[PDB]
Each structure stands twice: as C-alpha cells, then as structure tokens.
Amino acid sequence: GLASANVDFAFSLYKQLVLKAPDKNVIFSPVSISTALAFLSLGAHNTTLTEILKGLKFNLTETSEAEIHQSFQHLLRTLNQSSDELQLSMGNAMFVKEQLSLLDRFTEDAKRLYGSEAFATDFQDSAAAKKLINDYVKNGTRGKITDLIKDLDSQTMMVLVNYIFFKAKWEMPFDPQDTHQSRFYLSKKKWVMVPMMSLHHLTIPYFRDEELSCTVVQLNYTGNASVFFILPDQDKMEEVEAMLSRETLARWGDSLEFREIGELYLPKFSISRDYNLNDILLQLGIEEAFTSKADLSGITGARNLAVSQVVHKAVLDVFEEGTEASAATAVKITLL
C-alpha cells in the first residue's frame, strides 16, 4: 500500500517540478517529502487531514490514517537498519516554541511512529532558531545540506523536519584513471566539458524501449539500493517524462535483461536544487493546511496553527566510487 502511493507521489511531484522549471536540473527525495507530510498529518483533522493523505496518493476507501502512520513507522525502521554495505539514515524532528504546550498524544505519537525528538527553540531569536534547525540538518546530512532554512518569520510556532542521507558504493565501480574530460550536449549543437567516467566490458540489466524512444539500464550499489538510468533519444526527453508512472516503472523493470555492454560512459557530477513546495502541494489538493480554515488541532488541542511554507533541498554527487545523496524537508507552522 505505502509503496504504491509513495511511487505515485514521486512521479506526480517530478512532473510538477519540471513544469515550474523546464530548463533546470531536478533532484529531490520523494520519500523525505512523503514522510514529512505524513508526520504533519499526525496533527491534522477533518479536511486538512484528508487532503494531505490523498495528496500523498493514498486511497482512503482502502486504508486508514492509523495504517498509514504504521506504514511510515515500519518504513523508517527498515531504512534505518544496520548495514555493512550502504550508509542510509532518515531522521525526523520538531522544533517547538519554548512557551508552547503540546498534546501528549501528539508528542508520544511523533516519537513512537516517526522517531521525532522535540527541540525547544526561541523562534523570536530568528538567527538562533535558524542555525539550530540548520545545524540539525547539516549534522544529519553529514554536511551536505547547510542552508535548508533561509528565513524564519519571527512568529513561527513550530517547524517539522525530515532528512535523508544516502552514501553507497557501486557494485561495479569506475576507475578514475579512465575518467576523461568529454562533451555533454545540452542541446543538439551546444555542449559543456565534464569529466566522463567509463566502464568497459560489463553485463548489466538493459532494455531498449522502442515504444518510448529511450534506453534503460540498471546500475547496482552494494546493499539493497540500485539506480535506474533512462536515456531518451535526442528531442525525446519531454515524451519520456510524460510517460513516467508506477506502471511505466514496473514495465521497465520487468523488461530489463542482462546484456554485455562494450562501454558505459557516465558523467562525474554534483548538482543541488532547493524548492518552495507551496505551489505543488496546492495543486495536489493540499490547501486547507495553508488557510485560516487550517485544522492542526491534534497538535495543541486547538485550531490555532497553520502551515506557512514547505521547503525541500537535495544534493546528488555521482563519482567513480559510488554515490552520495542527501535531502531534507521542512514544514513551517505559525499561529492561525
């Protein structure tokens, strides 16, 4: 259940991000945003609540709020399990104004289901609250996300935060001696020089998708993670993006077949993007959380809280030894 919704949510977010900025790199963590919004829904009731759950792509005629929260509790436990092969961690936290009293049911559920520890913070000292949240994210992301919070309105009552850290080694690592500056074509006639990594003579999952005019390959990390790489033919990127969905992803995976490949060329690169998700959440039906009709009463016992802003930042580093990727989501909440 949670798996299907989280994938549906991933591709819906992707499509909206591409719409907003058609010419930009994209990098985000769907699981971080889903978990942060599910955390928020722990404190929601009535229309505010049902909008979030449906915006996260859950079918409430087949699931309930308690089952959704248990799904996320189990997901967080599974992701944070020890591994000798891959570094993977996800944390949640809430930064709460010192003079504010919270429902015991919320504080207890947030700990038990989301592993969240509350942090008393003086939001009226913006620069202290700002560094306090940013240090927590910076530390959780091993230094990769440093400025998740750019501005904090002084009347902020609470900020919910999720971060994810991912660091893995390739099953088949690249040799840096084989990394050479080469062209990366931004368009059919414009290029930039980048370090191009290469592997030689390898057998990997492969699928030439003639229906969508793209090539799919799968590169494994050591541990339970892998990466699907999709290469549209020239001028076919938009056509492929339009076909992204759980069914297309399932079709690609079911069509992959091991195949010997003479040469694989992949850039060494690092990219980051920072997002204001207010627009996209609005388009998914998550609206009442942002208005005076906001019902976050399950947090303090009163309908006196409203979301002001949801932000997301993510960083992806791809290199010869493996991949490092990190992201965090923050939900800013003010008095209603």
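Numbers follow the displayed sequence, beginning with 1.
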message = When the Cα temperature factors in the entry are averaged, is it 195-203 or 158-166 that ends up higher?
response = 195-203
message = Quick check: 83-91 versus 119-127, which has the larger average CA B-factor in the record?
response = 119-127
note = Based on the PDB entry, the highest CA temperature factor among the options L266, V227, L102, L186 is that of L102
query = Among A302, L40, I33, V311, which residue carries the highest C-alpha B-factor recorded in the PDB entry?
reply = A302
ask   = Should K144 be placed in the lowest, middle or highest third of its chain by the C-alpha B factor in the entry?
value = middle
key: Assigned third (lowest, middle, highest) for the C-alpha B factor of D274   = lowest
ask   = Of the three thirds of its chain by CA temperature factor, lowest, middle or highest, which one includes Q73?
value = lowest
ask   = Lowest, middle or highest third: where is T329 by Cα B-factor in its chain?
value = lowest
remark   = Binned into thirds over the chain's modelled residues, the C-alpha B-factor of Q234 lands in the highest
